Structures are given as structure tokens and as C-alpha cells.
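Values in this text are rule-based calculations from the coordinates and carry no lab data. Here the Cβ positions follow ideal geometry from the backbone for every residue, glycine too, while neighbour counts run over all protein chains shown.
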RNA sequence: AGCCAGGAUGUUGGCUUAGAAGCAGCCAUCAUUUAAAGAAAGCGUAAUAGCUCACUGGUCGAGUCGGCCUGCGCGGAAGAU
């Protein structure tokens with residue numbers, strides 16, 4: 001657990017453990033030998049299913065040992081499939097699709113809690129219902 | 001890496017991903033044949049002669065509007 | 001450029017340009033460009049001043065022009081001795097008096113309104129100011 | 001150096017000082033912004 | 001709710017008025033009623049600083065003069081042409 | 001205004017996801033506390049990281065910031081016995 005020098009904050013796919021187009025820059029930057037890192041990735045990758053994006057934080061120690069505290073679906077990627085569609089934005093105020101409730105998202109906020117513990121269960125849900133607004137989705141309960 | 005990719009993107013290149021081995025940072029991309037013209041003369045002008053590349057064919061993909069309108073004689 | 005369609009006469013006496021002006025209040029929109037100096041404005045400077053500030057907002061809001069060239073200023077051709085008749089009219093001016101409301105516009109925010117008038121004023125040979133519509 | 005009869009503060013770091021009676025603008029970041037005589 | 005400090009001007013005229021406005025004070029007039037009008041002089045700086053408000057033109061203006069304070073309304077403002085100052089105000093005694 | 005702690009960023013947020021991670025710009029302009037924090041200007045940059053900027057957590061301890069109306073001066077201003 002060092003600083004931000006080797007700290008990379010991005011990943012996308014669990015099941016695709018191979019360096020994907022966005023994890024490319026991330027991997028190459030800190031010379032990450034992903035192959036043996038995939039075996040350590042697949043201990044927790046198997047716990048979650050494929051179809052919901054996963055990020056990672058990367059920590060490299062001083063003695064060339066490099067480790068990680070990977071994730072489960074956080075804020076944006078879970079609320080998207082909660083609406084049913086992964087995208088459909090570029091026009092927040094100019095589009096209006098779907099209506100989602102917060103009590104159902106209060107359950108998936110607890111799934112984000114063990115993943116990316118974002119402050120104040122409903123106020124993080126409000127932070128992320130704005131990501132729904134940013135994704136052109138209406139939310140009412 | 002960044003420089004090569006900036007120049008790949010510049011030559012309409014699709015930077016794709018940034019891989020790495022031990023002493024090198026490998027980046028594979030797709031580049032038009034029309035902007036292949038004298039590439040290694042411009043490659044080692046930016047990499048101090050320490051880089052290399054190998055061109056392979058993929059497909060006759062889409063030529064954009066500025067590139068489609070050019071060669072019409 | 002602006003020019004009188006079908007006026008009565010071809011030429012007009014020179015005439016002094018004294019006194020003050022009548023257009024003083026910002027009577028149509030909210031932000032106007034009152035003139036502080038006393039000269040005259042030909043049609044080419046009239047066209048150029050609007051052009052610079054029309055594209056300053058690029059379409060935005062209504063823009064009114066409160067001055068129109070009436071005086072048909074003539075010039076004599078070169079290598080021609082004095083006399084021999086009044087010369088032909090070359091350009092049309094509008095005599096500007098102190099306290100005259102020039103270009104006026106509306107529908108734009110204030111800070112860019114002062115900016116657009118600043119781009120226009122440097123094209124003018126008269127020192128102007130940025131004035132705002134008061135009540136009554 | 002630009003001998004421009006008008007001088008505008010062209011950036012954030014561009015400072016305007018009066019050296020030898022003459023108004024001069026210098027910049028810490030961009031040496032293209034140096035100018036005088038305004 | 002604005003209050004105006006003022007006083008009665010004497011020896012009026014063209015040059016007399018021009019002599020006033022080059023001394024940071026300007027004339028006015030108060031009329032309206034079964035009485036005679038009142039050519040009142042009032043400070044230039046003070047009322048120009050407060051004419052920006054809309055309540056300067058939508059209120060029974062409380063001008064006090066020689067102790068006697070009256071409630072008037074603002075009829076017209078004959079202002080300066082290009083300088084931001086003003087030349088004259090008409091106060092109808094409402 | 002500086003100096004140290006920092007920058008209180010959920011959000012690798014869509015999108016065009018090749019990346020546009022506040023940092024291409026269209027947009028929502030949501031929200032976390034409601035002691036220091038805009039879903040963001042700027043070079044820098046392939047894109048992050050970035051140093052900052054907005055704002056000072058606290059250190060010191062006094063006055064201060066920018067326009068307005070104007071008096072008098074500077075620059076703008078180079079010619080031939």
C-alpha cells in the first residue's frame with residue numbers, strides 16, 4: 001500500500017482476464033505480467049458472473065511483488081443493467097427512458113457496499129441516480 | 001509508447017492496447033496503407049532508432065470522406 | 001451597405017454639425033452603445049460595426065441599428081481643378097452628435113453584450129460607451 | 001519581444017511592470033508573451 | 001422608502017442652473033395641487049446613487065425641505081446627454 | 001496573499017467507450033459532508049497519473065479587492081548644413 005506512483009485505478013472485465021483495450025494503457029504503464037496475475041485474478045473472478053464490469057486497484061510493492069484489491073460491480077455499471085440497458089445517453093435532459101425505484105436500489109447499494117463503499121446509502125444512490133440522469137434515465141418511486 | 005501512439009493516431013492509427021514485455025512497451029495498431037509511406041523514416045526519427053515494427057494485412061476497411069474524396073481523378 | 005432608396009435630390013450642402021442628439025435612452029432593447037464624440041459615420045463603417053458584433057454572438061438576440069446615413073457626401077476626382085461644378089456623390093454618412101444612441105441590441109447576457117460592443121467600438125471613429133436601459 | 005503600441009495581459013502569469021519609464025509585460029511561462037512600449 | 005435632503009433654490013436662470021451643476025448639485029421642481037410650484041434644489045451625488053433602484057420610481061418620495069417633509073412622485077428625469085450624470089427631475093406632488 | 005496538509009471527487013460515468021477517467025466537447029448539472037471539495041476552466045497529454053485552480057484545514061496577524069466619476073503626467077512620437 002504505497003502512494004499513486006504505481007497505483008492504477010481502472011479495469012473492465014472479470015471473465016476477460018486478458019488485457020482489454022482500456023486496461024491496455026493500465027497494464028503496460030506498470031509492466032504488469034498479467035499471466036501469473038490472472039491466476040491470482042481468477043481466485044475472485046470466479047465468484048462473480050460475467051456481463052457486469054469490474055474495476056481493480058493495483059499496488060506494487062518495493063521488492064517487485066505486485067498485488068491488487070479487485071472489485072464487484074460499482075456505481076455506474078450496476079445501475080445501467082438495473083435500467084435494463086447498458087447505455088443510451090449523450091442527452092440527459094433531452095431523453096427520458098425508464099423509471100426506477102430507490103428501495104430496489106437500496107438492496108443493490110448493499111451490494112455496492114461490500115464492493116465500493118460509497119457514502120450514505122441513499123446519498124450515494126442519489127449520487128448514482130444522477131449517473132442515471134447522466135445516462136438519460138428518469139427515476140421515481 | 002505515448003509518442004508512437006500519438007503518431008499512430010496521427011497516421012489515422014487505431015492505438016488499441018498498450019502491452020509490455022521486459023525491456024519494451026509493445027503497441028499494436030491498425031494503420032492505412034496510404035499513410036504507410038516512409039513510416040520507419042518517421043518512426044526512428046521519434047524513437048532514437050531503438051524501435052521496430054512489422055506491417056501485416058487485415059482488411060480493406062472503411063475509407064472516410066476526406067480519404068474517399070482524395071484519389072478521385 | 002445602408003443607403004436611401006429614392007431620395008429627393010442628388011447632392012446636399014455640407015452643413016455644420018453642432019449641438020446635441022435626440023436619441024438618448026435605450027428605447028428598444030436593454031443594452032445600447034451611446035456615442036461620446038462628435039463626428040460622422042459612413043455606410044462602410046456602419047456595415048462593418050454590425051458585422052463584427054453580429055458574429056460575436058453568432059446569431060443571438062435581436063440587434064437594432066438606430067442610425068441611418070442621410071447626408072450624401074461627395075468627393076472631387078483627382079487632378080481636377082476647383083470649381084467646374086459639384087462633384088458626384090461617393091459615400092453616405094450619418095452625422096453623429098454627442099449623446100446619440102448608436103447600435104442597440106437585446107436578448108444577450110450582459111457580460112458578452114459589453115464584450116460584443118467592445119469588438120464593435122474599435123471599428124468606430126467615434127468614442128462611444130456601453131449604456132443600459134433604465135426604467136422610464 | 002513585440003514592440004506593440006498596445007499591450008494586453010495575454011495570460012494569467014503575464015505581469016505588467018514599468019521599466020525605465022516604459023511599460024513592459026513579461027511572462028514566467030511563455031517567452032512569446034514578452035512585449036513593451038504600451 | 002428613500003429619503004431626500006433638499007432645500008429651496010433662489011435666483012434661477014440659464015447660467016444660474018449651469019453654475020449649479022458644476023458644483024455637484026442640481027435643480028428640480030415640485031408641482032401639483034391648489035398651490036404654487038416649488039423650485040427645489042437637491043444634492044446631485046446622493047440621489048444619483050439611489051436612482052438605480054426601482055423604488056426610486058415606484059414610491060411616495062419623502063423629500064424634506066426646511067423641516068417640512070412632503071410625499072411626492074417622480075414624473076420625469078431630464079438627464080445629461082452622454083455623461084452619466086443627470087440634469088433635472090420633475091416631482092409631481094402626489 | 002503566501003507557507004505545510006492538501007485539491008475534500010463517487011466517476012475506468014456515459015458517449016464515439018480505441019481513451020476521452022472533472023482533464024475532446026456536447027449534456028444531465030445528480031449528489032456524498034452539508035468544518036477545505038464545480039460532476040470543471042487550463043496548458044500539459046495517446047490516456048491516467050500530474051502540478052494546479054477554484055476554495056484555505058490550520059499557521060501569522062492587520063486592513064483590503066476591483067470597478068466608477070474625474071485633475072494633472074507617460075508611452076503612442078521617425079527627416080534631411
Sorted by Cβ density within 10 Å, fewest first, the residues C:68, A:41: C:68, A:41
Tell me, what is the FRET efficiency for residue B:62 and residue E:78 to the nearest 0.05, using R0 = 51 angstrom and their Cβ-Cβ distance as r? 0.10
Cα extents of segment C:21-136 along the three principal axes, largest first (Å): 54, 30, 19
Using the Cα atoms of chain A, I'd like the radius of gyration and the largest Cα-Cα distance, Dmax, both in angstrom. 16.9, 53
Acute angle (nearest 10 degrees) that the helix C:110-121 long axis makes with the longest principal axis of chain C, alpha-carbon atoms: 20 degrees
Per the C-alpha gyration tensor (a ≥ b ≥ c, the square roots of its eigenvalues), segment B:16-73 is rounded if a/c is under 1.5, else prolate if a/b beats b/c, else oblate; here it's prolate
Projected label distance in nm at residue C:75 and residue C:132, using a 7 Å step from Cα toward the beta-carbon: 4.1 nm
Per residue of E:74-83, other chain Cβ atoms within 10 Å number on average 5
So what's the angle, to the nearest 10 degrees on a 0 to 90 scale, between helix C:43-57 and the longest Cα principal axis of chain C? 20 degrees
Nearest 10 degrees is fine. How inclined is helix A:34-45 to the longest principal axis of chain A, computing both from alpha carbons? 40 degrees
List the relative contact order of chain B as a percent without decimals, with contacts defined as Cα pairs under 8 Å and 6+ residues apart. 21 percent
Would you mind ranking C:64, C:92 so that the residue whose beta carbon has the fewest other beta carbons within 10 Å leads the list? C:64, C:92
Going by Cα centres, segment E:1-45 and segment A:75-104 are how many Å apart? 69 Å
What Rg and what Dmax come out for the protein assembly as shown when only alpha-carbon atoms are used, in angstroms? 37.4, 106
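Please rank C:16, A:126, fewest neighbouring Cβ atoms within 10 Å first, as an exposure proxy.
Fewest to most other Cβ atoms nearby, the residues stand as C:16, A:126.
Once you order the gyration tensor axes a ≥ b ≥ c over the Cα atoms, which shape class does chain E get: rounded for a/c under 1.5, otherwise prolate or oblate by comparing a/b with b/c?
Because a/c hits 1.5 or more and a/b fails to exceed b/c, chain E counts as oblate.
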The rounded separation in angstrom of the Cα centers of segment D:1-30 and segment C:32-61 is 30 Å
